[PDB]
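In: let me give you the complex in parts, starting here:
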Amino acid sequence: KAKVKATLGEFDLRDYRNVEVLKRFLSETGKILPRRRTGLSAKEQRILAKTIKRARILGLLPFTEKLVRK
Amino acid sequence: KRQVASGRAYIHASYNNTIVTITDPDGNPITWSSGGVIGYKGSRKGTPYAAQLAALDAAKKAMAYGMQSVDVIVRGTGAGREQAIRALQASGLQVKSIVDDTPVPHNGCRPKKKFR
Amino acid sequence: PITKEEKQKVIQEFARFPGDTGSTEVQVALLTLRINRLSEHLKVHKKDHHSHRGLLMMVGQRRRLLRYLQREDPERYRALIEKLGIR
């Protein structure tokens, strides 16, 4: 399976307003994806998590979602 | 006396009981059933067969209301949490989609001693 | 907090000669600056205990440096103490 960073450009991990790329790092639900599927380093993941929470509080990223086909 | 022709179906399954509430596309309920609505009384209500019978009874009451297309919402976990959906699929109601909306907190409340 | 403007102001004020950075005089001056900053931070925020431990350590270091200065040259020690208003 493909990791998120493998298929992506040279993007800003500190931009909480870019929903297009931050949506890639969320799961089918609103959960943040683990490093196994994001292909990020520890520092990169640590920054991404905080930017994702920032975007969430601004109503740009979903706090949680609903699972399908279950 | 409603002629709803379409709606939602919520399956609340626990380890002590499984209940099915068939509702309309904007949230209000139409009919419902459970393991106690049907004959079973005690722990018998938590078996998958009771969940199947409850789903089928609720689906037939929906037929009495005139239900054809059904969207499924699932909350909880227990024996027959899947058997309810299986019977609901083979009940004669065209299943639109299945959704698991089990409410999980963000670590808000302190559980009972059983749950720690 | 303490930006480079204030820091360099104090350093150029307490230098033994142009270019000096780590003289005992300059060390005690910068120490006393951070001491006063923290002690004013601890006038409010009486429940900040870890910063209070940091203040204890800063006091200890400043006192050690002043003891050394007093042991080596008493006159420069008096000058420093009078210039900073300590002890």
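Out: Okay, I see it. Numbers count the residues shown, from 1 in each chain, chains lettered A, B, ... in the order given.

In: contacting residues for residue B:3?
Out: With contacts defined as C-beta atoms under 8 Å, 6 or more residues apart in numbering or on different chains, the neighbours of residue B:3 are B:65-66. Where you see a C-beta, it was placed from the backbone N, CA and C, and this is true even at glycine.

In: could you report the neighbour count for residue B:74?
Out: Close neighbours of residue B:74, defined as other C-beta atoms under 10 Å in any protein chain shown, add up to 21.

In: and it, which of the three is it?
Out: Remark: residue B:74 carries the secondary structure label strand [criterion: DSSP: H, G, I helix; E, B strand; the rest coil].

In: what's across from it in the sheet?
Out: Applying DSSP bridges to residue B:74 yields these beta-bridge partners: residue B:11, residue B:100.

In: surely residue A:40 touches residue A:48?
Out: Yes - applying C-beta atoms under 8 Å as the test, residue A:40 and residue A:48 come out as touching, 6.4 Å apart.

In: the nearest residue to residue B:68 once chain neighbours are set aside: what's it in contact with?
Out: Spatial nearest neighbour of residue B:68, chain neighbours left out: residue B:5 (5.8 Å); criterion: C-beta to C-beta, 6 or more residues apart in numbering or on different chains. The contact partners of residue B:5, by C-beta under 8 Å, 6+ apart, come to B:66-69.

In: then chain D, please:
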Amino acid sequence: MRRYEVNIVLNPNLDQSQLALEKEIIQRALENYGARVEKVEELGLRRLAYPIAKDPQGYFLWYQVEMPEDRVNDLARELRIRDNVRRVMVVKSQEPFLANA
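Out: Following on from the chains above, chain D is added here:
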């Protein structure tokens, strides 16, 4: 004076009089607290991920400013007191940490 980024999400349904009024009130708040406005980006209508104040959409504003530090919280409060302003997040500016460089 440090560099900050003010995000403002307010009611989308406003017309031009109301929107210009709220925007000029934000401007007056920035003036009164010593906020030098370096740049501005107005996104406007956007689809929220979750409903905010019973509304599925919101109107967005982003201001990069330079203002004194001890006034940031009071400025945030004064910005929040307005009814139509539903979200205020003041963020200290930072450098663009990149990935997959």
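
In: can you give me phi and psi for the residue in chain D positioned nearest to chain B?
Out: Scanning chain D for proximity to chain B using C-beta to the nearest C-beta identifies residue D:50 as nearest, at 13.8 Å. Dihedral angles of residue D:50 (phi, psi; degrees, to the nearest 10) stand at phi -140, psi 150.

In: what's the longest helix along chain C packed up against?
Out: With secondary structure taken from DSSP state H, chain C has its longest helix at helix C:50-72. Using 3 or more C-beta pairs under 8 Å, 6 or more residues apart in numbering or on different chains; DSSP states H and E as the contact criterion, the elements in contact with helix C:50-72 are helix C:24-41, helix C:74-84.

In: can you list those in JSON lines and add mean neighbour count?
Out: Rendered in JSON lines, the data for the helices and strands packed on helix C:50-72 read as follows (neighbours: other C-beta atoms under 10 Å in any protein chain shown):
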{"stretch": "helix C:24-41", "mean neighbour count": "17"}
{"stretch": "helix C:74-84", "mean neighbour count": "15"}
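
In: can you tell which of these is closest to chain D?
Out: Distances from chain D to each of those were compared using C-beta to the nearest C-beta; the shortest belongs to helix C:24-41, at 13.8 Å.

In: here's RNA strand E, drop it onto the model above:
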RNA sequence: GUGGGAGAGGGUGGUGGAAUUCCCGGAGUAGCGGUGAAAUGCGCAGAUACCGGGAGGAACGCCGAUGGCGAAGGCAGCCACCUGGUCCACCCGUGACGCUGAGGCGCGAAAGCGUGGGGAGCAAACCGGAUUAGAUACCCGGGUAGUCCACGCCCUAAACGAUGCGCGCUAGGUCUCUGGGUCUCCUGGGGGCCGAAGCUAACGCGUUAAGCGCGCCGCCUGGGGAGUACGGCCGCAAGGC
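Out: One more chain to add, RNA strand E, which I have set with the ones above:
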């Protein structure tokens, strides 16, 4: 000193969503809950389930790790402000200014105390239902203090790495966090795992020493009696030394 860096380090104020409970409303019948079975309990004054709205308290899912920070206790949503510690590079400044530390002083999980707030959920005591030869327990239903906050006390612990602090010396390999570098790698500084020499009663330790040395502090001298008695000190008390 300069210039960079990582962080649930601390304090203050703000702020977000999920969930529980409760209240208002809509729609909707006959049970829900709970257990190994059950019963107390709740439900026709309309519950449970579903939908919308409101209130309030407490805690922060995914990220999260075998991770990080702190002297220890301990510290996880987000934002801002105040502030501590620490690491690296530059080789710039002072010129032994160092190490330890009886006493003292400060900090010190939880529970507990006092005054005043707060109170969703949980829950000693307690009230019931079961189980049993009996049930004063485990299991179920309730439920107060408390848990939360402000301020002042309390000074205990498996307060654990059961390993005091500092420095130097003594094979490496592997995983990792964070810096620098001419960036298959090297070089620092933290977190683990194997294992040289050596150590150990053995288990095991092994550049994060329990190895080889040095300095300083604390403590030990058979078990029970007993962390008891007396005395002193501290404490509102419980009680602690």
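
In: once more for what packs on helix C:50-72, now including RNA strand E?
Out: Helix C:50-72 packs on helix C:24-41, helix C:74-84, going by 3+ C-beta pairs under 8 Å, 6+ apart.

In: format the ones you listed as TSV; extra columns: distance to RNA strand E.
Out: Formatted as TSV, the helices and strands packed on helix C:50-72 follow (distance: least, C-beta to the nearest atom of the strand, whole Å):
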stretch	distance to RNA strand E
helix C:24-41	4
helix C:74-84	10
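
In: okay, those helices in CSV with distance to chain D next?
Out: Listed next are these as CSV, based on distance: least, C-beta to the nearest C-beta, whole Å:
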stretch, distance to chain D
helix C:24-41, 14
helix C:74-84, 27
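
In: turn these into TSV, columns for distance to residue D:76.
Out: Formatted as TSV, the helices and strands packed on helix C:50-72 follow (distance: least, C-beta to C-beta, whole Å):
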stretch	distance to residue D:76
helix C:24-41	22
helix C:74-84	39
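
In: out of these, which is closest to residue D:60?
Out: Put simply, out of the helices and strands packed on helix C:50-72 the one that sits nearest residue D:60 is helix C:24-41, at 37.4 Å, with distance taken as C-beta to C-beta.

In: the residue of chain D found nearest RNA strand E pairs with what?
Out: Each residue of chain D has a distance to RNA strand E, by C-beta to the nearest atom of the strand, and the smallest belongs to residue D:92, at 3.4 Å. With DSSP bridges applied, the residues forming beta bridges to residue D:92 are residue D:4.
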